[PDB]
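Note sheet for the following structure.
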Amino acid sequence: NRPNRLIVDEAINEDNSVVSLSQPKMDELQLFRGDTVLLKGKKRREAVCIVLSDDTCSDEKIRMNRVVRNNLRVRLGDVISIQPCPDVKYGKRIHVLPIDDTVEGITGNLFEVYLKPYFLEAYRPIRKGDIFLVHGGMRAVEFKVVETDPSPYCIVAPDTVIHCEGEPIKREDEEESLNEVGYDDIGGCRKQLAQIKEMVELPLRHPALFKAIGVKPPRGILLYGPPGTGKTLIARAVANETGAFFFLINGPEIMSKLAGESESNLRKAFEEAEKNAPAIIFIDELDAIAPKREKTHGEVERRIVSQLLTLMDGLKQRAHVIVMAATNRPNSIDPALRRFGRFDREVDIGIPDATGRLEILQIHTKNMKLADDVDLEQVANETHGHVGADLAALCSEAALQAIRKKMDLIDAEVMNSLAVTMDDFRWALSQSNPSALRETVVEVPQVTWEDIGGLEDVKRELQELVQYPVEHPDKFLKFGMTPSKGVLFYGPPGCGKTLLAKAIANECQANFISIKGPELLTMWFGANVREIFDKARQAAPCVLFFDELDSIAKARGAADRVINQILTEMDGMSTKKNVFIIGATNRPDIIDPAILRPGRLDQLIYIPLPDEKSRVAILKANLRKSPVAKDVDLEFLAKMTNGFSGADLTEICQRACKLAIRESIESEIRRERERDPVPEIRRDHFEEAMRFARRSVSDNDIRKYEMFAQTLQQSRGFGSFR
Amino acid sequence: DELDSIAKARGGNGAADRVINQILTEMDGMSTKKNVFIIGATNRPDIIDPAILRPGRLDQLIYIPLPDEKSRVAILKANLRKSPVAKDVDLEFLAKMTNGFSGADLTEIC
Ligand SMILES: Nc1ncnc2c1ncn2[C@@H]1O[C@H](COP(=O)(O)OP(=O)(O)OP(O)(O)=S)[C@@H](O)[C@H]1O
Ligand SMILES: Nc1ncnc2c1ncn2[C@@H]1O[C@H](COP(=O)(O)OP(=O)(O)OP(O)(O)=S)[C@@H](O)[C@H]1O
């Protein structure tokens with residue numbers, strides 16, 4: 001429960017001793033007022049304080065002062081616990097740091113009046129890693145403790161002999177690096193960070209969790225995914241939250257040595273990591289360090305990977321050391337590294353979602369003052385396929401666009417009055433280069449099932465065949481049969497077959513890996529299917545989308561070799577792990593008859609012509625600023641039954657709204673000529689779009705797809721298709 | 001299995017019809033002894049690449065007829081699969097109307 005962990009109030013006083021939570025909170029835990037408890041904080045920071053808790057204050061609010069929240073590295077409204085340490089004493093040597101931002105203006109001796117009358121005969125708790133601003137000599141003076149020998153939960157008294165240090169030096173880079181990472185500084189990847197915490201739960205605070213499991217789950221964790229997604233930031237978060245001795249080495253840094261000196265400091269890093277009983281050692285750029293053994297063209301690379309492969313399993317059960325590696329690409333690594341003995345936890349970071357990008361912008365706009373005008377949500381849902389460094393660059397470019405429209409002077413004229421607008425963010429978003437685009441994305445989309453008309457019985461049966469094994473495991477572990485994995489879609493070439501799988505992924509609430517047609521051919525010529533199915537099994541549960549299987553069958557062997565490898569990896573899928581596969585096709589004459597056989601993609605679903613109310617949900621999305629189509633004859637266009645060839649009634653809707661845009665721009669033209677544009681559309685442009693209406697598919701092809709109703713007759717010759 | 005896929009991949013004169021020849025080269029690598037036994041399953045005899053059917057190499061050919069109607073008895077008694085048997089029904093009614101009477105997928109009816 002941790003009942004002492006409650007929120008932080010503002011300053012009622014100044015010094016670290018004079019903080020108050022509640023005298024009942026000194027009464028249930030029975031901690032005395034005089035004892036130096038340890039108020040917890042981020043980056044393992046606990047501070048020594050003779051806490052004067054008062055019952056007249058709010059019992060959930062510690063009265064932490066203005067310079068105390070920087071010392072515990074916590075904010076207002078953060079949970080703080082307490083740890084007693086009665087082992088305090090004073091030594092002759094001490095080290096304090098004045099800072100020229102505060103103390104400069106008054107001089108004298110270094111234990112003079114500027115700290116006397118509040119630490120007269122003090123024996124008050126100072127702490128190494130604590131900086132408190134105390135006003136003295138009509139001037140505010142900060143006091144950072146940098147060195148203390150005798151049990152650093154320590155005591156100093158300026159009426160005794162002080163080892164006073166008088167160098168005023170700025171540490172503003174250290175001030176910005178005082179926190180420098182945190183769990184609050186990581187957003188959008190909470191499941192991955194929770195998994196990382198579950199993996200590193202054993203070296204910190206529970207080393208004796210080996211009678212539960214003797215595996216001590218394996219030394220070696222891989223972080224892979226896109227580049228620039230803050231894998232080093234994740235490593236620093238583990239580094240400063242675990243509190244273990246962190247011994248990271250950069251890969252190019254240990255590659256930059258001469259011949260024979262690559263083992264130098266590489267063996268020494270492991271020999272340094274062997275000493276401390278909590279110890280994590282980290283390596284970056286594994287692809288530069290250890291490539292595939294075919295690409296190891298030089299002898300020094302083979303020497304380096306042999307030295308690493310010796311040093312990994314040659315050291316074992318000593319101070320429970322854990323290695324961790326960050327890479328940008330998983331299959332370029334040497335396959336001898338990733339196995340069951342070493343380097344097994346291939347967790348992936350991945351690009352963030354819209355909620356993830358929103359959280360990244362929320363934690364990036366914390367240390368920046370916006371103009372309080374944007375929503376910070378428009379940029380979130382109109383950025384797609386963005387890495388976190390791209391979002392940092394987008395915020396930087398928006399701030400630079402805000403800067404660029406100001407007069408150049410050195411005073412604080414835009415320092416205090418900084419203002420970033422939505423138009424600056426649109427300008428930064430326009431001049432952006434997101435290199436996470438075209439990557440095989442994983443997401444749960446927002447295609448909102450009511451938008452998809454479809455057919456009711458088809459939607460109901462796909463709801464059965466997808467969700468009802470999944471969301472009812474009691475009707476899937478005790479009653480049922482073998483699940484029919486896979487479903488194929490065919491019909492008219494555009495009639496509502498793409499978004500049905502999207503809606504399935506929406507109201508099944510699963511991941512949706514989609515590839516559309518020639519992406520397989522492009523990624524094969526430019527293996528890849530193995531990585532696709534590895535990502536599909538790693539992001540389980542998921543629904544695969546084989547959109548336009550008809551398009552790759554017109555490549556005809558002339559690169560038909562990939563579809564049998566598709567069916568090779570699809571037949572290498574077990575019935576469990578909750579993966580799902582969907583095939584989509586238009587012209588079923590080249591259907592490649594190994595598809596439809598049982599054990600494979602087998603569920604035939606025929607998509608017919610849509611219903612009369614398919615036009616209604618088109619007006620839900622809206623993007624050209626005038627009020628929507630309303631109070632017109634929606635169903636009477638369906639009564640005329642024109643345009644009644646599958647989908648693509650959105651062509652009629654877009655044509656009518658483009659006529660509306662032409663009407664609006666002509667109203668703007670006459671308004672600009674002469675010096676309420678009738679925003680809502682009337683029926684006339686709908687009538688004119690009805691005049692410029694074409695059928696998308698022929699009635700002969702309707703007869704052809706009617707003849708393809710019993711298209712399950714396979715493994716027979718074509719017979720010329722009379 | 002899926003020898004008809006290898007048979008159907010002969011178009012594109014990426015042919016890979018010589019992989020069948022590699023298989024038959026490894027087939028006479030097998031002696032008549034060592035007690036290994038090779039089984040070929042196919043669905044289409046016209047494109048069978050008839051160098052395979054040279055005698056002494058897959059010499060016996062078995063034509064599988066239309067299947068027996070009594071698959072529905074043993075498709076559920078011998079495979080429960082977390083659901084009990086179809087109690088108190090007429091199983092002869094299915095073969096009386098001869099539903100799905102060309103090949104399998106009586107298990108798909110189940
Ligand atoms: N999960 C995240 N939370 C917060 N900021 C992030 C996150 N991911 C990326 N960023 C930002 O993106 C920047 C990318 O910096 P790096 O940590 O160097 O990325 P990286 O993934 O380590 O790149 P490499 O491949 O290791 S050189 C960070 O400095 C952050 O500003
Ligand atoms: N019954 C329907 N009700 C509403 N909108 C529909 C309906 N059928 C199709 N649409 C819309 O028609 C448009 C095209 O449908 P799609 O299935 O995406 O065509 P598609 O040709 O299969 O797309 P591909 O395969 O990616 S080229 C989408 O905007 C759908 O929302």
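In the structure tokens, chains take letters A, B, ... by order of appearance, with residues numbered from 1 within each chain and ligands from 1 in the order shown.
By only C-alpha atoms, and with residues fewer than 4 positions from residue A:388 along its chain excluded, the set lying at most 8 Å from it is residues 228, 229, 230, 351, 352, 357, 360 and 392 of chain A.
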Let me see the file: selected residues, N, CA, C and O atoms, as a short mmCIF file (atom, residue, chain, number, x, y, z; two decimals), in the first residue's frame.
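That gives us result38.cif:
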data_model
loop_
_atom_site.label_atom_id
_atom_site.label_comp_id
_atom_site.auth_asym_id
_atom_site.auth_seq_id
_atom_site.Cartn_x
_atom_site.Cartn_y
_atom_site.Cartn_z
N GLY A 228 16.94 5.69 -33.67
CA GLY A 228 16.60 6.99 -33.12
C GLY A 228 15.38 7.01 -32.23
O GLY A 228 14.81 8.07 -31.99
N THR A 229 14.96 5.85 -31.73
CA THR A 229 13.76 5.78 -30.90
C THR A 229 14.09 5.84 -29.41
O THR A 229 13.28 5.45 -28.57
N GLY A 230 15.28 6.35 -29.08
CA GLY A 230 15.65 6.51 -27.69
C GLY A 230 16.00 5.22 -26.97
O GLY A 230 15.63 5.06 -25.80
N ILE A 351 7.89 2.18 -33.36
CA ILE A 351 7.47 3.57 -33.48
C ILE A 351 6.23 3.77 -32.62
O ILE A 351 5.44 2.83 -32.44
N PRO A 352 6.04 4.94 -32.02
CA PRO A 352 4.87 5.15 -31.16
C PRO A 352 3.59 5.33 -31.96
O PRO A 352 3.59 5.61 -33.16
N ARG A 357 2.67 9.35 -29.56
CA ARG A 357 3.20 10.62 -30.04
C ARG A 357 2.67 11.78 -29.22
O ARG A 357 3.39 12.76 -28.98
N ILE A 360 4.73 11.75 -26.09
CA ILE A 360 6.07 12.27 -26.38
C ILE A 360 6.04 13.79 -26.46
O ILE A 360 6.92 14.48 -25.91
N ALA A 392 11.02 15.49 -31.62
CA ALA A 392 11.88 16.50 -31.00
C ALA A 392 12.34 17.54 -32.02
O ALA A 392 12.36 18.74 -31.74
#
Residue neighbourhood stretch 296-302 of chain A, 9 Å, only C-alpha atoms, exclusion window fewer than 6 positions, as an MDAnalysis selection string: chainID A and resid 255 259:260 262 289:290
Counting only C-alpha atoms, chain B residues within 8 Å of chain A, as a compact mmCIF listing (two decimals) with N, CA, C and O atoms, in the first residue's frame:
# COMPACT_ATOMS: atom_id res chain seq x y z
N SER B 5 1.86 -28.35 -56.76
CA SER B 5 2.42 -27.00 -56.82
C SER B 5 3.71 -26.96 -57.63
O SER B 5 3.92 -26.06 -58.45
N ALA B 9 4.21 -25.04 -61.19
CA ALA B 9 5.23 -24.00 -61.32
C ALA B 9 6.11 -24.16 -62.57
O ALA B 9 7.17 -23.54 -62.63
N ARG B 10 5.70 -24.97 -63.54
CA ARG B 10 6.49 -25.18 -64.75
C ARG B 10 6.36 -24.04 -65.75
O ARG B 10 7.14 -24.00 -66.71
N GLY B 11 5.41 -23.13 -65.57
CA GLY B 11 5.29 -22.01 -66.48
C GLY B 11 6.37 -20.98 -66.26
O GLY B 11 6.90 -20.81 -65.15
N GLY B 12 6.71 -20.27 -67.33
CA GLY B 12 7.73 -19.25 -67.25
C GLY B 12 9.02 -19.63 -67.95
O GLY B 12 10.11 -19.30 -67.48
N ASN B 13 8.90 -20.34 -69.07
CA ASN B 13 10.07 -20.73 -69.85
C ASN B 13 10.66 -19.53 -70.58
O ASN B 13 9.98 -18.53 -70.80
N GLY B 14 12.67 -18.73 -64.27
CA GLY B 14 12.31 -19.36 -63.02
C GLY B 14 11.37 -20.54 -63.18
O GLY B 14 10.21 -20.48 -62.79
N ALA B 15 11.88 -21.62 -63.77
CA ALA B 15 11.07 -22.80 -64.04
C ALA B 15 11.07 -23.78 -62.87
O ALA B 15 10.00 -24.20 -62.42
N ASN B 43 -2.56 -34.17 -56.92
CA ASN B 43 -3.97 -33.99 -57.25
C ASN B 43 -4.21 -33.82 -58.74
O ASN B 43 -5.36 -33.57 -59.13
N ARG B 44 -3.19 -33.96 -59.58
CA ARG B 44 -3.35 -33.62 -60.99
C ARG B 44 -2.36 -34.41 -61.84
O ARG B 44 -1.15 -34.12 -61.83
N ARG B 81 -12.48 -32.74 -29.23
CA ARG B 81 -12.08 -31.34 -29.39
C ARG B 81 -13.04 -30.40 -28.65
O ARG B 81 -13.77 -29.62 -29.24
N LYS B 82 -13.04 -30.59 -27.31
CA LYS B 82 -13.81 -29.84 -26.29
C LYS B 82 -15.32 -29.72 -26.61
O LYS B 82 -16.00 -28.83 -26.10
N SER B 83 -15.87 -30.64 -27.39
CA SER B 83 -17.29 -30.67 -27.70
C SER B 83 -17.73 -32.12 -27.79
O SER B 83 -17.02 -32.94 -28.40
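Across the structure, atom CA of residue A:693 and atom CA of residue A:636 are spaced 14.9 Å apart.
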Contacts with ligand 2 at most 8 Å, only C-alpha atoms and all ligand atoms counted, listed as a ChimeraX atom specification: /A:451-455,493-500,516,547-548,584,609-611,613-618,646-650
Contact table chain A vs ligand 1, cut-off 8 Å, shortest pair per residue, only C-alpha atoms and all ligand atoms, as CSV:
residue,atom,partner,partner_atom_place_in_ligand_line,distance
A:185,CA,ligand 1,4 (C),5.5
A:186,CA,ligand 1,3 (N),3.9
A:187,CA,ligand 1,3 (N),5.2
A:188,CA,ligand 1,1 (N),6.6
A:189,CA,ligand 1,1 (N),6.6
A:226,CA,ligand 1,21 (O),7.5
A:227,CA,ligand 1,25 (O),4.4
A:228,CA,ligand 1,23 (O),3.3
A:229,CA,ligand 1,21 (O),3.7
A:230,CA,ligand 1,21 (O),3.3
A:231,CA,ligand 1,21 (O),4.1
A:232,CA,ligand 1,22 (O),3.9
A:233,CA,ligand 1,17 (O),4.4
A:234,CA,ligand 1,1 (N),7.2
A:284,CA,ligand 1,26 (O),6.8
A:285,CA,ligand 1,26 (O),7.1
A:326,CA,ligand 1,26 (O),6.8
A:327,CA,ligand 1,25 (O),6.6
A:328,CA,ligand 1,25 (O),5.8
A:360,CA,ligand 1,4 (C),5.7
A:363,CA,ligand 1,4 (C),7.0
A:364,CA,ligand 1,5 (N),7.2
A:387,CA,ligand 1,9 (C),6.6
A:388,CA,ligand 1,9 (C),3.7
A:389,CA,ligand 1,12 (O),3.3
A:390,CA,ligand 1,12 (O),7.0
A:391,CA,ligand 1,11 (C),7.2
A:392,CA,ligand 1,31 (O),5.4
Dump N, CA and C atoms for the selected residues as a PDB file, in the first residue's frame?
ATOM      1  N   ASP A 185      10.075  10.645 -18.142  1.00  0.00           N
ATOM      2  CA  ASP A 185      10.668  11.079 -19.399  1.00  0.00           C
ATOM      3  C   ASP A 185      10.519  10.048 -20.509  1.00  0.00           C
ATOM      4  N   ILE A 186       9.843   8.931 -20.247  1.00  0.00           N
ATOM      5  CA  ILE A 186       9.555   7.909 -21.247  1.00  0.00           C
ATOM      6  C   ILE A 186       8.044   7.776 -21.363  1.00  0.00           C
ATOM      7  N   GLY A 187       7.531   7.869 -22.582  1.00  0.00           N
ATOM      8  CA  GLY A 187       6.099   7.795 -22.801  1.00  0.00           C
ATOM      9  C   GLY A 187       5.768   7.014 -24.054  1.00  0.00           C
ATOM     10  N   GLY A 188       4.591   6.389 -24.036  1.00  0.00           N
ATOM     11  CA  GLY A 188       4.071   5.666 -25.174  1.00  0.00           C
ATOM     12  C   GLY A 188       4.459   4.204 -25.245  1.00  0.00           C
ATOM     13  N   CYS A 189       5.464   3.780 -24.485  1.00  0.00           N
ATOM     14  CA  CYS A 189       5.986   2.416 -24.512  1.00  0.00           C
ATOM     15  C   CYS A 189       5.989   1.827 -23.109  1.00  0.00           C
ATOM     16  N   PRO A 226      13.195   0.594 -34.805  1.00  0.00           N
ATOM     17  CA  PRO A 226      13.671   1.691 -35.646  1.00  0.00           C
ATOM     18  C   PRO A 226      14.877   2.362 -35.019  1.00  0.00           C
ATOM     19  N   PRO A 227      15.697   3.053 -35.802  1.00  0.00           N
ATOM     20  CA  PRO A 227      16.771   3.852 -35.213  1.00  0.00           C
ATOM     21  C   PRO A 227      16.252   5.184 -34.691  1.00  0.00           C
ATOM     22  N   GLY A 228      16.936   5.687 -33.668  1.00  0.00           N
ATOM     23  CA  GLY A 228      16.605   6.986 -33.121  1.00  0.00           C
ATOM     24  C   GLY A 228      15.378   7.006 -32.231  1.00  0.00           C
ATOM     25  N   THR A 229      14.961   5.845 -31.725  1.00  0.00           N
ATOM     26  CA  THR A 229      13.762   5.781 -30.896  1.00  0.00           C
ATOM     27  C   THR A 229      14.093   5.844 -29.412  1.00  0.00           C
ATOM     28  N   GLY A 230      15.276   6.348 -29.080  1.00  0.00           N
ATOM     29  CA  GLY A 230      15.652   6.506 -27.690  1.00  0.00           C
ATOM     30  C   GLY A 230      15.996   5.223 -26.971  1.00  0.00           C
ATOM     31  N   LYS A 231      16.672   4.291 -27.648  1.00  0.00           N
ATOM     32  CA  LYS A 231      17.137   3.078 -26.984  1.00  0.00           C
ATOM     33  C   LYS A 231      18.205   3.397 -25.947  1.00  0.00           C
ATOM     34  N   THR A 232      19.089   4.347 -26.264  1.00  0.00           N
ATOM     35  CA  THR A 232      20.055   4.841 -25.291  1.00  0.00           C
ATOM     36  C   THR A 232      19.361   5.553 -24.135  1.00  0.00           C
ATOM     37  N   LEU A 233      18.249   6.239 -24.417  1.00  0.00           N
ATOM     38  CA  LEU A 233      17.464   6.876 -23.363  1.00  0.00           C
ATOM     39  C   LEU A 233      16.818   5.841 -22.450  1.00  0.00           C
ATOM     40  N   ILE A 234      16.361   4.722 -23.022  1.00  0.00           N
ATOM     41  CA  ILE A 234      15.838   3.610 -22.230  1.00  0.00           C
ATOM     42  C   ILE A 234      16.937   3.027 -21.349  1.00  0.00           C
ATOM     43  N   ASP A 284      26.356  -0.313 -26.915  1.00  0.00           N
ATOM     44  CA  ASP A 284      25.586   0.347 -27.953  1.00  0.00           C
ATOM     45  C   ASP A 284      26.203   0.048 -29.311  1.00  0.00           C
ATOM     46  N   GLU A 285      25.346   0.090 -30.339  1.00  0.00           N
ATOM     47  CA  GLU A 285      25.692  -0.173 -31.741  1.00  0.00           C
ATOM     48  C   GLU A 285      26.300  -1.568 -31.915  1.00  0.00           C
ATOM     49  N   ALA A 326      21.817  -2.558 -27.459  1.00  0.00           N
ATOM     50  CA  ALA A 326      20.897  -1.754 -28.247  1.00  0.00           C
ATOM     51  C   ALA A 326      21.355  -1.760 -29.695  1.00  0.00           C
ATOM     52  N   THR A 327      20.443  -2.089 -30.603  1.00  0.00           N
ATOM     53  CA  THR A 327      20.769  -2.178 -32.016  1.00  0.00           C
ATOM     54  C   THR A 327      19.637  -1.577 -32.835  1.00  0.00           C
ATOM     55  N   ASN A 328      19.935  -1.315 -34.105  1.00  0.00           N
ATOM     56  CA  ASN A 328      18.978  -0.707 -35.017  1.00  0.00           C
ATOM     57  C   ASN A 328      18.363  -1.696 -35.993  1.00  0.00           C
ATOM     58  N   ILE A 360       4.733  11.755 -26.087  1.00  0.00           N
ATOM     59  CA  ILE A 360       6.070  12.273 -26.378  1.00  0.00           C
ATOM     60  C   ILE A 360       6.043  13.794 -26.465  1.00  0.00           C
ATOM     61  N   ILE A 363       5.611  15.188 -22.865  1.00  0.00           N
ATOM     62  CA  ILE A 363       6.838  15.202 -22.072  1.00  0.00           C
ATOM     63  C   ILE A 363       7.947  16.019 -22.713  1.00  0.00           C
ATOM     64  N   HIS A 364       7.788  16.432 -23.969  1.00  0.00           N
ATOM     65  CA  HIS A 364       8.744  17.355 -24.563  1.00  0.00           C
ATOM     66  C   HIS A 364       8.342  18.813 -24.390  1.00  0.00           C
ATOM     67  N   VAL A 387       9.205   8.886 -35.543  1.00  0.00           N
ATOM     68  CA  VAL A 387      10.076   8.453 -34.465  1.00  0.00           C
ATOM     69  C   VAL A 387      10.188   9.617 -33.483  1.00  0.00           C
ATOM     70  N   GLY A 388      10.630   9.325 -32.253  1.00  0.00           N
ATOM     71  CA  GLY A 388      10.680  10.340 -31.211  1.00  0.00           C
ATOM     72  C   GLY A 388      11.655  11.468 -31.487  1.00  0.00           C
ATOM     73  N   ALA A 389      12.783  11.160 -32.133  1.00  0.00           N
ATOM     74  CA  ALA A 389      13.722  12.206 -32.521  1.00  0.00           C
ATOM     75  C   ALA A 389      13.138  13.112 -33.596  1.00  0.00           C
ATOM     76  N   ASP A 390      12.282  12.566 -34.464  1.00  0.00           N
ATOM     77  CA  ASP A 390      11.560  13.402 -35.415  1.00  0.00           C
ATOM     78  C   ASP A 390      10.574  14.324 -34.712  1.00  0.00           C
ATOM     79  N   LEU A 391       9.962  13.867 -33.618  1.00  0.00           N
ATOM     80  CA  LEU A 391       9.063  14.736 -32.865  1.00  0.00           C
ATOM     81  C   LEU A 391       9.833  15.826 -32.130  1.00  0.00           C
ATOM     82  N   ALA A 392      11.024  15.492 -31.619  1.00  0.00           N
ATOM     83  CA  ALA A 392      11.882  16.501 -31.003  1.00  0.00           C
ATOM     84  C   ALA A 392      12.341  17.536 -32.024  1.00  0.00           C
TER      85      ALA A 392
END
Near-residue B:72 list (10 Å; only C-alpha atoms; drop same-chain fewer than 5 positions) as a short mmCIF file (atom, residue, chain, number, x, y, z; two decimals) with N, CA, C and O atoms, in the first residue's frame:
data_model
loop_
_atom_site.label_atom_id
_atom_site.label_comp_id
_atom_site.auth_asym_id
_atom_site.auth_seq_id
_atom_site.Cartn_x
_atom_site.Cartn_y
_atom_site.Cartn_z
N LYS B 77 -16.20 -38.85 -32.76
CA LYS B 77 -15.93 -39.79 -31.68
C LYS B 77 -14.43 -39.89 -31.41
O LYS B 77 -13.99 -39.83 -30.26
N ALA B 86 -22.47 -35.85 -31.29
CA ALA B 86 -23.81 -35.46 -31.72
C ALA B 86 -24.79 -36.51 -31.23
O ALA B 86 -25.04 -37.51 -31.90
N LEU B 91 -27.51 -40.05 -38.27
CA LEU B 91 -26.30 -39.81 -39.05
C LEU B 91 -26.44 -40.29 -40.49
O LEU B 91 -25.70 -39.84 -41.36
N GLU B 92 -27.39 -41.20 -40.76
CA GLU B 92 -27.64 -41.65 -42.12
C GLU B 92 -28.38 -40.62 -42.96
O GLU B 92 -28.41 -40.75 -44.18
N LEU B 94 -27.47 -37.52 -43.38
CA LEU B 94 -26.49 -36.71 -44.10
C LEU B 94 -26.07 -37.38 -45.40
O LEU B 94 -26.04 -36.75 -46.46
N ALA B 95 -25.74 -38.67 -45.34
CA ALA B 95 -25.41 -39.41 -46.55
C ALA B 95 -26.65 -39.80 -47.35
O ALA B 95 -26.51 -40.25 -48.49
N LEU B 106 -16.52 -32.84 -45.14
CA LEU B 106 -17.47 -33.27 -44.13
C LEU B 106 -17.00 -32.85 -42.74
O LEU B 106 -17.81 -32.53 -41.87
N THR B 107 -15.68 -32.85 -42.53
CA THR B 107 -15.12 -32.26 -41.32
C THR B 107 -15.32 -30.75 -41.29
O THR B 107 -15.44 -30.17 -40.21
N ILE B 109 -18.08 -29.44 -42.55
CA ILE B 109 -19.48 -29.41 -42.13
C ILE B 109 -19.59 -29.57 -40.62
O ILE B 109 -20.38 -28.88 -39.96
N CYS B 110 -18.76 -30.45 -40.04
CA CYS B 110 -18.70 -30.59 -38.59
C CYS B 110 -18.18 -29.32 -37.92
O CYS B 110 -18.66 -28.93 -36.85
#
Which residues come within 12 Å of residue A:68, counting only C-alpha atoms, excluding same-chain residues fewer than 6 positions away, as a PDB file with C-alpha atoms, in the first residue's frame?
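This is the output file selection_19.pdb:
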ATOM      1  CA  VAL A   8       4.030  17.315  -2.101  1.00  0.00           C
ATOM      2  CA  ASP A   9       2.874  20.765  -0.945  1.00  0.00           C
ATOM      3  CA  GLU A  10       4.549  24.120  -1.648  1.00  0.00           C
ATOM      4  CA  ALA A  11       6.894  26.130   0.587  1.00  0.00           C
ATOM      5  CA  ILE A  12       5.838  26.987   4.119  1.00  0.00           C
ATOM      6  CA  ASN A  13       9.523  27.399   5.102  1.00  0.00           C
ATOM      7  CA  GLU A  14      12.976  27.188   3.508  1.00  0.00           C
ATOM      8  CA  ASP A  15      15.320  24.645   5.088  1.00  0.00           C
ATOM      9  CA  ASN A  16      15.358  20.862   4.713  1.00  0.00           C
ATOM     10  CA  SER A  17      14.768  20.245   8.423  1.00  0.00           C
ATOM     11  CA  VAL A  18      11.682  22.491   8.549  1.00  0.00           C
ATOM     12  CA  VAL A  19       9.307  20.364   6.475  1.00  0.00           C
ATOM     13  CA  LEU A  39      12.636  11.304   1.809  1.00  0.00           C
ATOM     14  CA  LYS A  40      12.660   9.341  -1.469  1.00  0.00           C
ATOM     15  CA  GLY A  41      12.904  10.832  -4.934  1.00  0.00           C
ATOM     16  CA  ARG A  45      17.746  10.421  -4.475  1.00  0.00           C
ATOM     17  CA  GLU A  46      16.900  10.235  -0.771  1.00  0.00           C
ATOM     18  CA  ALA A  47      17.762  13.213   1.425  1.00  0.00           C
ATOM     19  CA  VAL A  48      18.552  13.433   5.139  1.00  0.00           C
ATOM     20  CA  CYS A  49      16.212  15.712   7.100  1.00  0.00           C
ATOM     21  CA  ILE A  62       4.713  17.269   2.968  1.00  0.00           C
ATOM     22  CA  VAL A  74      10.467  15.576  -7.571  1.00  0.00           C
ATOM     23  CA  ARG A  75       7.574  17.831  -8.543  1.00  0.00           C
ATOM     24  CA  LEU A  76       4.469  19.075  -6.749  1.00  0.00           C
ATOM     25  CA  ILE A 126      23.295  18.317   4.768  1.00  0.00           C
ATOM     26  CA  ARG A 127      23.530  15.736   2.003  1.00  0.00           C
ATOM     27  CA  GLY A 129      23.678  15.826  -3.929  1.00  0.00           C
ATOM     28  CA  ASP A 130      21.555  18.519  -2.241  1.00  0.00           C
ATOM     29  CA  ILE A 131      21.549  22.217  -3.169  1.00  0.00           C
ATOM     30  CA  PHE A 132      19.536  24.681  -1.071  1.00  0.00           C
ATOM     31  CA  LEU A 133      19.250  28.443  -1.564  1.00  0.00           C
ATOM     32  CA  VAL A 134      19.461  30.291   1.771  1.00  0.00           C
ATOM     33  CA  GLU A 142      22.985  28.313  -2.688  1.00  0.00           C
ATOM     34  CA  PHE A 143      24.834  25.461  -0.994  1.00  0.00           C
ATOM     35  CA  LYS A 144      25.672  22.294  -2.935  1.00  0.00           C
TER      36      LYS A 144
END
DSSP-assigned helix (DSSP H, G or I) among stretch 479-632 of chain A, expressed as a ChimeraX atom specification: /A:499-506,519-525,528-538,549-555,561-571,588-590,612-620
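Atom CA of residue A:676 sits 22.8 Å away from atom CA of residue A:688.
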